[PDB]
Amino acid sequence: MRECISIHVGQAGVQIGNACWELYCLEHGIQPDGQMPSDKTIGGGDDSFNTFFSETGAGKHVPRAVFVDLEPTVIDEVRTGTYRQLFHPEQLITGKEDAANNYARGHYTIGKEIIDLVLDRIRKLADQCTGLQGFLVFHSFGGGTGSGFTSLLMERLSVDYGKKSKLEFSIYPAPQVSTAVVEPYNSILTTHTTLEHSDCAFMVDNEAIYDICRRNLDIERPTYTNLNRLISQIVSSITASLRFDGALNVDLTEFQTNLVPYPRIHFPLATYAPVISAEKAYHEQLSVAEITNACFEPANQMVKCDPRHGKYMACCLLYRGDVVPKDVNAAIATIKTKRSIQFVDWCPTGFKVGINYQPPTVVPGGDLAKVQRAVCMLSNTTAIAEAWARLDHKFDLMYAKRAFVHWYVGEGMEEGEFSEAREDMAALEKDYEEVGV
């Protein structure tokens, strides 16, 4: 057992973090007050779920989570919600004036007024751990706090926790639910400043989740509640190996050994299947092969890109539920040939497989139907550079005219950081191209 600390920054990180911990408690059997009936050891434990949940003397299971936001509106709903009794009160840090969708406010002016308090509360959770292995950071790209404050936090965590791992669940901006016109700016600025300090980053394209809710969940206009419930379902499938028994991605160090061949290219692509609406409660049960085929369909990916346009450097399959290991081997043998899948020459063409024999848990009120078998594929492909190419283009269109730039220069930031961040992005696209895309 090696503990993981989850950090939620900004509205996007907090609201997705709220739905994630609700799903964790339903998967582990934890009640909103923190009571776990199927926990024999009281006051302590060596079990796998202890990597995410600490235990008090009264049998209370408290998440190892910190909620940070420069304004209190979003966190106040967590302070009065259903799971208000679950989280530590002193781990819900709120300011009074947010970053106003401005990277410079979150990183330089406003963020510095609360940065020392956030680290002291993170230090308190770290002192309770017997073997802290790393952090999980949830934040948005286009927000002022999610981009500016997170990069400042990632810089401080690398100094205090030098040898610890740090993973990201980032919210890629989408015009359908975007809040700011300068979100391409904040996305490029926080990437350049967090690239060195991050070991692995799972990007969540808001447009990809948007289309899945419209097409597969029959939702005419998806809200933040519909998106976050599907996102947390995929986040749980990714972190399930850290929370349960298994042999694939058992710790944070193994995540980058299996998915990150080189430090700068640490953006794996997540694919989830099946996504079935809850109104079809008597749907036909898809087989292991039919959900494995769906992992190589671009309409099921968490980031809108074309994987057959690029090359694979790593492929990991995480199954959940009624799954026989020989059925997976048969499904791979066909897909290994019947589909246009190309691995780079320097990578051993393989498919790592890990099976969890418990079917996924659905939250009451969600839009998903109960399934007896599901799969989450994590793959590092060069096709994910298309997301950077679409993001850098909107950056170039505005920065050429220096639009909205004065808002950033007026908050302690220098204009030279804009050109420095775009050059770092041009080298990143150049890193994917020199591998094969």
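Position 1 is the first residue in the sequence shown; the rest follow in order. Whichever C-alpha set is largest while still superposing within 1.5 Å between the two forms counts as the rigid core.
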{"property": "Which of 93-101 and 333-341 lies farther from this form in 6 other deposited structures of this protein, as RMS of C-alpha positions after a rigid core fit", "result": "333-341"}
{"property": "Segment of greater CA departure in 6 other deposited structures of this protein, 273-281 or 225-233, core superposed", "result": "273-281"}
{"property": "Comparing 82-90 with 271-279, the one whose average Cα B-factor in the PDB entry is higher", "result": "82-90"}
{"property": "Mean C-alpha B-factor comparison - 6-14 and 425-433, higher one", "result": "425-433"}
{"property": "Identity of residue with top Cα B-factor, from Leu318, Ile332, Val181, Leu227", "result": "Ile332"}
{"property": "Deposited CA B-factor, highest of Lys60, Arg402, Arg64, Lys394", "result": "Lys60"}
{"property": "Chain thirds of CA B-factor: placement of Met377", "result": "lowest"}
{"property": "Third of the chain, ranked by Cα B-factor, where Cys200 sits", "result": "lowest"}
{"property": "Third of the chain's Cα B-factor distribution that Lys336 belongs to, per the entry", "result": "highest"}
{"property": "Ranked C-alpha temperature factor of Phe138 among modelled chain residues, by third", "result": "lowest"}
{"property": "Third of chain Cα B-factors occupied by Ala387", "result": "middle"}
